[PDB]
Amino acid sequence: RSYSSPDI
Amino acid sequence: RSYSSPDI
Amino acid sequence: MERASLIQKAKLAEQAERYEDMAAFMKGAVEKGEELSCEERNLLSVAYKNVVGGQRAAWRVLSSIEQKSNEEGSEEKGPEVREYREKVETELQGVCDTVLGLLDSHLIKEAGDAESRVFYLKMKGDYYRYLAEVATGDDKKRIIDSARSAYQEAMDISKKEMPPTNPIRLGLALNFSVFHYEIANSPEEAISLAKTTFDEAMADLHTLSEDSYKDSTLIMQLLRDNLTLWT
Amino acid sequence: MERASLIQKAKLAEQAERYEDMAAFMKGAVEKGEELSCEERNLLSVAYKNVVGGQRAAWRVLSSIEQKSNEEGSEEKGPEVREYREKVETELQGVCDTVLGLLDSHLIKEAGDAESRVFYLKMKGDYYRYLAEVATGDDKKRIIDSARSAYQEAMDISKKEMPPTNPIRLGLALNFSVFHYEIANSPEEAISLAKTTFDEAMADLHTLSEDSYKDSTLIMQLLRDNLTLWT
Ligand SMILES: *SCCNC(=O)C1CCN(C(=O)C(C)(C)Oc2ccc(Cl)cc2)CC1
Ligand SMILES: *SCCNC(=O)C1CCN(C(=O)C(C)(C)Oc2ccc(Cl)cc2)CC1
């Protein structure tokens with residue numbers, strides 16, 4: 001589970 | 001908004 | 001489906017945080033007409049409480065916007081907020097009616113023990129209380145009478161069958177006190193019930209194990225927090 | 001409904017935390033065939049990311065249980081886990097296909113500016129990536145080729161049109177690096193892209209205002225966190 005772009 | 005019984 | 005498969009899928013839905021699915025699985029399990037274990041009772045409650053809880057939160061947000069726009073928000077308002085609040089409201093009423101149907105068609109009558117009976121009558125009071133939060137007109141009066149009657153029967157049984165620190169008895173009294181304050185507009189009765197419930201349970205806390213104490217005081221703290229808000 | 005009403009209801013659904021409704025409202029707004037503002041673009045993305053995010057989380061939980069039960073969990077397993085994982089999977093594929101349909105029927109072609117084009121091509125890569133997470137067989141190969149092609153076109157445009165600290169350019173590169181590592185099994189390419197993206201943006205951070213810096217470093221930190229996991 002890599003980190004992807006957050007959603008705001 | 002009073003507190004009611006929690007749900008576990 | 002077989003009951004055991006429905007329970008298994010309810011537990012999977014719980015782990016997956018799929019609470020609508022979880023509730024539907026438990027509904028099917030209940031409709032088999034056998035009693036629920038304590039575990040299964042809690043699966044049922046967790047599932048529907050999550051579903052209705054999201055609808056309640058949404059309804060409160062929308063209803064508040066609708067009122068602040070009926071407060072001279074003129075020309076900042078077409079029918080959109082009202083229409084969407086009504087939509088969420090109808091959906092919430094449906095879920096509450098579904099739970100109440102399970103309670104009246106199966107769970108209350110079939111319960112073979114007093115603790116289960118109290119648990120389900122408390123649930124009946126709670127889901128009528130949620131209906132009352134959105135109700136108007138004659139519906140509201142009927143609903144409030146039904147909530148009171150379920151809570152009162154649960155209270156009578158719990159005082160007969162459960163010690164005053166029992167977490168189910170405490171949570172019932174807590175929720176009935178919220179009904180008095182927020183729904184019935186009987187804040188005298190609400191504050192009286194919350195304080196008496198706290199006092200009679202306090203009196204027993206010194207006999208409780210570490211684990212019992214944690215369960216009981218979780219609920220007692222909420223009684224205290226409500227008394228703060230209400231006094 | 002008129003477009004303005006759909007947008008209003010999307011914003012209400014957002015406040016109400018009703019993300020399925022929010023996505024449906026934005027879908028209807030997109031289907032009017034006019035461009036989205038930056039605000040509206042973000043409404044669309046927030047809505048569908050919340051919906052698919054819950055499905056992804058559920059799928060991962062279920063798939064993990066299914067594998068640990070195909071690991072000699074023998075006699076602790078009927079078909080329930082597989083059936084429920086398949087159900088959630090089909091639902092996830094549907095949502096991803098819906099978003100991709102909006103992107104290919106309207107959003108990418110109609111976008112009048114490069115930043116919007118990059119935003120939508122990144123979204124196209126992302127929703128193909130989510131499909132790839134669950135895909136098998138020939139579907140998986142097609143999907144992976146499509147994700148790469150969308151991400152690459154977005155990358156080309158962003159290098160031409162956006163500064164290296166631009167948060168959209170950074171988030172695109174971050175997500176393309178995740179595609180390399182997790183989907184394409186090209187960890188050399190993933191680590192290379194993440195490090196190069198970080199280095200080329202670092203180089204510019206001293207020119208940035210307080211507010212610009214916060215946006216850019218939010219994404220750069222995730223590049224750093226992935227490099228930790230991947231090295
Ligand atoms: S079948 C599982 C064990 N049985 C129980 O009754 C529960 C004991 C307490 N508990 C709770 O989550 C809290 C602390 C919230 O107490 C309750 C109060 C009121 C109700 Cl209706 C339910 C629980 C866990 C299991
Ligand atoms: S229309 C609102 C203003 N326009 C913007 O593009 C956004 C700037 C940054 N932002 C974000 O939430 C973060 C920090 C997450 O940056 C993004 C990175 C990648 C993408 Cl696709 C989107 C944002 C808020 C508004």
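By convention in this document, chain letters (A, B, ...) are assigned in the order of the sequence lines, proteins followed by strands, and residues within each chain are numbered from 1. Each ligand, and each atom within it, is numbered from 1 in the order the structure gives. No hydrogens, no waters, no symmetry mates; every other heavy atom, side chains included, goes into these values.
Ring orientation note: the planes of D:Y127 and D:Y130 are nearly perpendicular, at an angle over 60° on the 30°/60° scale.
A salt bridge is absent between C:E31 and C:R3: the closest approach of a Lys/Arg side-chain nitrogen to an acidic carboxylate oxygen does not fall below 4.0 angstrom. In this structure, D:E200 does not pair ionically with D:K195, as no charged nitrogen and carboxylate oxygen lie closer than 4.0 Å. With respect to the salt-bridge test (charged N to carboxylate O, under 4.0 angstrom), the residues D:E115 and D:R41 qualify. Here D:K122 pairs with D:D126 in a salt bridge; the nearest charged N to carboxylate O distance falls below 4.0 Å.
Of the candidates C:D215, C:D211, C:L43, the one placing a heavy atom closest to atom 9 (C) of ligand 1 is C:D215. Of the listed options D:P167, D:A154, D:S212, D:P167 places a heavy atom closest to atom 17 (C) of ligand 2.
Atoms of ligand 2 lying under 4.0 Å from any heavy atom of D:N42, numbered from 1 in the order shown and given with element: 1 (S), 2 (C), 25 (C). Remark: ligand 1 atoms within the under-4.0 Å shell around heavy atoms of C:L218 are 14 (C). Ligand 1 places these atoms under 4.0 Å from at least one heavy atom of C:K122: 21 (Cl). The D:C38 neighbourhood of ligand 2 comprises atoms 1 (S), 2 (C), 3 (C), 4 (N), 5 (C), 6 (O), with distances under 4.0 Å to a heavy atom of that residue. Of all the atoms in ligand 2, the ones that sit under 4.0 Å from a non-hydrogen atom of D:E39 are 1 (S). For ligand 2, the atoms sitting less than 4.0 Å from at least one non-hydrogen atom of D:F119 are 21 (Cl), numbered in the order shown with element in parentheses. With ligand atoms numbered from 1 in the order given, ligand 2 contributes 18 (C), 19 (C) to contacts under 4.0 Å with heavy atoms of A:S5.
Partners of B:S4 according to the side chain to side chain contact (heavy atoms under 4.5 Å, CB included) rule, which considers only residues two or more places apart in sequence or in another chain, are C:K49, C:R129, C:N175.
C:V61 pairs in a side-chain contact (heavy atoms from CB on, under 4.5 Å) with only one of the listed residues (D:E17, D:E14, D:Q15), which is D:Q15.
The residue C:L170 has no part lying near ligand 1, judged by heavy-atom distances below 4.0 Å. Contacts between A:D7 and ligand 2, counted as non-hydrogen atom pairs separated by less than 4.0 Å, are absent for every part of the residue.
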For residues 101-111 of chain C, please give each side-chain donor-acceptor pair under 3.5 Å, one per line with the distance, not counting sequence neighbours.
from: C:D104; atom 1: OD1; to: C:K124; atom 2: NZ; distance (Å): 2.7
from: C:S105; atom 1: OG; to: C:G101; atom 2: O; distance (Å): 3.0
from: C:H106; atom 1: ND1; to: C:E110; atom 2: OE2; distance (Å): 2.9

